[PDB]
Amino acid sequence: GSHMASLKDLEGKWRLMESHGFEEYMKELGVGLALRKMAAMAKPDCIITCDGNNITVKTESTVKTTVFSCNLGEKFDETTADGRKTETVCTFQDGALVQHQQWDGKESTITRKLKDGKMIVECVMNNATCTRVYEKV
């Protein structure tokens, strides 16, 4: 039952092909209605790059840019696209980029995994999971 994954196959630019439950996970995060339904109308490209241990995930909408960098495993502060201020940590575990965010008791996860050349992106907050499929541009 052999598998292997490596951080660098997630490198490249990723077009959103698909989405299930996004608007709800965002409601769970406390995303205001305007940014919630507007965010869903945006078809953003996820752009991932890495320099060894150091990773950068960029999110581009036509009208915004949010971006973070980090050495994997080290806690770092994050300005999420919706204004949340989290203490984030990124690891590569079980063949996936894992982004754990913590903010005021509450917390969330975003896992990014290469699967058949597609990047599968599942977000989880307090039992509200979303999945979004990006294709390689």
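Each residue number is its position in the shown sequence, starting from 1.
- Relative to its counterpart among 94-102 and 75-83, 75-83 has the higher mean temperature factor, C-alpha atoms as listed in the PDB entry.
- Look at the mean CA B-factor for 33-41 and for 63-71 in the entry; the higher one is 33-41.
- When the CA B factors of the chain's modelled residues are split into thirds, the value for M119 lands in the lowest one.
- Annotation for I55: C-alpha temperature factor in the lowest third relative to the rest of the modelled chain, per the entry.
- In the PDB entry, a CA B factor belonging to the highest third of its chain's modelled residues is recorded for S2.
- When the CA B factors of the chain's modelled residues are split into thirds, the value for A128 lands in the highest one.
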